[PDB]
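Letters A, B, ... mirror the listed sequences (proteins, then strands); counts begin at 1.
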Amino acid sequence: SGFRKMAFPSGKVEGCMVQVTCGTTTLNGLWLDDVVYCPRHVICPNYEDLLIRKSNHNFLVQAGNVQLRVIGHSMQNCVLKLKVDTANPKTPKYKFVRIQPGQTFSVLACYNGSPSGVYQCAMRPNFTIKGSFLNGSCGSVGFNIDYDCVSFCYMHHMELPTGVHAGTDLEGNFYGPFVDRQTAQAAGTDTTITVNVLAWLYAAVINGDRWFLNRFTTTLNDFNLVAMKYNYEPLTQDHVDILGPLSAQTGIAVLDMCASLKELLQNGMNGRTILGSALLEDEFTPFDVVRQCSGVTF
Amino acid sequence: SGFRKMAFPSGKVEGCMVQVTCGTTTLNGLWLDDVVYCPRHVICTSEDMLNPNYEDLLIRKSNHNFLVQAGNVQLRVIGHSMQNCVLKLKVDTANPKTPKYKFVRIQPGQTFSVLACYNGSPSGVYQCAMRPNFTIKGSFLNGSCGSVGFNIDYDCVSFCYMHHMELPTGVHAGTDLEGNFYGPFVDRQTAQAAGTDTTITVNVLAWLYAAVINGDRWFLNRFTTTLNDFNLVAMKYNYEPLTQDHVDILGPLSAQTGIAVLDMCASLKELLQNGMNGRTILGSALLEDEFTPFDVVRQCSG
Ligand SMILES: O=C(Nc1cncc2ccc(F)cc12)[C@@H]1CCOc2cc(F)c(Cl)cc21
Ligand SMILES: O=C(Nc1cncc2ccc(F)cc12)[C@@H]1CCOc2cc(F)c(Cl)cc21
Ligand SMILES: [Cl-]
């Protein structure tokens, strides 16, 4: 029993964190095989022109108390790839994956190439992440683990004025309409990840919380009309299919749970809580719920 | 900016998780140097659990009865001893991944990271707090016994908890790494219930200071309170008494934000009285009590 916001074990990623120093800027880099990946803003804009002025010895890479030697450098979108002479002996089995809004991942927050904390979060529908980052956290990475494979999905680049965070996949493509430059940028109006709220309602049922259940069911169209009103993301047939296992396990059809969600949106919780929360939690995917309520290991 | 429930990076602890089997029971063990630590109830059957005599059950066991598996490598047990409710299995190989570590016993209200494991394999990491009733509100399934709670301040792992059991209310009970239970619990299937839980007041105040540091001031008021009047009020909401030690501990946060500890106590009194009125504090509609004053300073400053 119990339901916690749980991150993946960060060990496979910790063995990849290095410090990258260029001029006065110091941030984090991800050392996989003989390449160190980091935000291209470490050289700070015309990034091609700024980069052409740099030599390999301008980039100081530090892996623990060992200085790595940079033997090449290239840019791929908003990520700088520093070729080093030494392949990381701790390189795990990995992939670079681009995630969709609503998908969750673990963030290993780092400062000076040293991991300080791990937390779970979701890529918001507005492509920002509600992270916890201070100055020096750029280059920190987001990831998932699938069996023994680390899927790198995020690299931290910046903080928006509202305190939310923006970054790229490991190929340097930003999530959202953001750019890596000092200019006026604002996150769009955010919405609630509906499939994730439903998955969390199933987790609550699995944990013995049933007060919000009702005898009612709804149509996918009627629920989406209600979801559009309360700034909730539309629920697709794919989402309904994805919630199938949880629906079969609890005996509560997705549209049966949707009618619970609809009543919760129009009436509130009425002093009650669900899994110790007075708000509807949307940062657990259906897969996160099954993984935690079944104990999958890595 | 931002405030998250943040766990310590679990890597130093992952390299210590092993699987311990004794008969039909399989749980997790913590491999540090040449010793594997695990709950002593690994020697029991589900039948023995009502009134086990661990000394009697342990004397009947030999080293080869304990199967220890570190990854795909079977470790050889060369000795065994019991220390309170923990079984210490001496093995023939020192863990090459042994970090710098300490065994620390924590007090209620203290937080720590939990590396949940099944079959000696880590499955997740989350942040926890020792509740005032000495239970932890964890997320644990069958086979999670032996999973550990820890803090990683500096490069040293302070082991503070080993999971032993789930109470009927779904909350969890365990021991420090010396095998001493937190709370009035015993490693027996007898009727045991957690005492009425209360809110960790000093932690809620620390979290209100984290909100101020992050630009949330809506809950502040022009009032102050005596420490005694605050405690008379807070007790009525099932909040732990706030001691002079707690007031002193909140000093740095008070100095940083310019809000006296007793002024923040008056905002808390008002929040208890009024609720949030549709508002949130740091993305939460409830008063969060699983961030210590030390956690707030670490996350907001470094
Ligand atoms: O975003 C940045 N810094 C920080 C990131 N995450 C949390 C931070 C929290 C506080 C803080 F002061 C800096 C934090 C840097 C430095 C400020 O300006 C820019 C502008 C940019 F276009 C880019 Cl791509 C990066 C930055
Ligand atoms: O607590 C136990 N198991 C589990 C622990 N943590 C979450 C669990 C969640 C579910 C579950 F079925 C077992 C879980 C075991 C087996 C049941 O009985 C006892 C009795 C005891 F005296 C002791 Cl010390 C341990 C246990
Ligand atoms: Cl303590």
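Counting only distance, with no hydrogens or angles, the side chain of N95(B) and the backbone of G15(B) share a donor-acceptor pair below 3.5 Å. Here the side chain of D187(B) pairs no donor or acceptor atom with the backbone of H164(B) at under 3.5 angstrom. The backbone N or O of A70(B) sits nowhere less than 3.5 Å from a side-chain atom of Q74(B) that would complete a donor-acceptor pair.
Ring geometry, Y154(A) versus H156(A): the interplanar angle falls from 30° to 60°, so the pair is classed tilted.
Residues of residues 292-300 of chain B placed with any heavy atom under 4.5 Å of a heavy atom in chain A are listed by number as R298(B), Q299(B), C300(B). For residues 115-122 of chain B, the interface with chain A (any heavy-atom pair closer than 4.5 Å) comprises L115(B), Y118(B), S121(B), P122(B), sorted by residue number. Interface residues of residues 124-154 of chain B toward chain A, defined by a heavy-atom distance below 4.5 Å and sorted by number: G124(B), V125(B), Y126(B), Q127(B), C128(B), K137(B), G138(B), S139(B), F140(B), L141(B). For a heavy-atom cut-off of 4.5 Å, chain A lies close to no residue in residues 193-200 of chain B.
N207(A) is listed as a side-chain neighbour of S1(A), based on a closest heavy-atom distance under 4.5 Å. Between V157(B) and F159(B) there is a side-chain heavy-atom pair separated by less than 4.5 Å. Counting heavy atoms from C-beta outward, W31(B) and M17(B) have side chains that stay 4.5 Å or more apart. When side chains are defined from C-beta on, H41(B) counts as touching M49(B), because their heavy atoms get closer than 4.5 Å. In this structure the side chain of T21(B) never reaches within 4.5 angstrom of the side chain of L27(B), judged on heavy atoms. For the pair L32(A) and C16(A), the minimum side-chain heavy-atom distance is below 4.5 Å.
Within the 4.5 angstrom heavy-atom criterion, only backbone atoms of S294(A) (N, CA, C, O) approach chain B. In this structure, the portion of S301(B) lying under 4.5 Å from any heavy atom of chain A is its backbone and not its side chain. With a 4.5 angstrom heavy-atom cutoff, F3(B) touches chain A only via backbone atoms. Heavy atoms of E283(A) lying under 4.5 Å from chain B belong exclusively to its side chain.
Between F174(A) and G167(A), the closest heavy-atom pair is CD2-O, 3.3 Å. When all heavy atoms of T280(B) and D216(B) are compared, the pair lying nearest together is O-OD1, 4.2 Å. When all heavy atoms of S284(B) and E288(B) are compared, the closest pair comes out as OG-OE2, 3.2 Å. Looking at every heavy atom in both residues, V197(A) comes nearest to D282(A) through CG2-CB, 3.6 Å. Summarising the geometry of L201(A) relative to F212(A), their closest heavy-atom pair is O-CZ, 3.6 Å, with the distance given to 0.1 Å. Here the closest non-hydrogen pair linking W218(B) and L271(B) is CH2-CD2, 3.5 Å.
Among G276(A), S116(A), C293(A), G163(A), the residue with the largest count of heavy-atom pairs under 4.5 Å with chain B is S116(A). For the options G302(B), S113(B), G11(B), heavy-atom pairs under 4.5 Å to chain A are most numerous at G11(B). Chosen from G275(B), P9(B), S10(B), the residue pairing most often with chain A at heavy-atom distances under 4.5 Å is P9(B). When each of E159(A), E14(A), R4(A) is checked for heavy-atom pairs under 4.5 Å with chain B, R4(A) comes out on top.
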Audit row: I99(A), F105(A), side-chain contact (heavy atoms from CB on, under 4.5 Å) steps and yes/no: CA-CA 9 Å; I99(A) 65 166; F105(A) 56 97; 3.4 Å; yes
CA sep, side-chain torsions, deciding dist, call: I274(A), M269(A), side-chain contact (heavy atoms from CB on, under 4.5 Å): CA-CA 8 Å; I274(A) 302 168; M269(A) 301 221 190; 3.8 Å; yes
Evaluation steps, side-chain contact (heavy atoms from CB on, under 4.5 Å), between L30(B) and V36(B): CA-CA 5 Å; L30(B) 184 68; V36(B) 169; over 6 Å; no
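Note: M162(B) CE to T175(B) OG1 = 6.5 Å, rounded to the nearest 0.5 Å.
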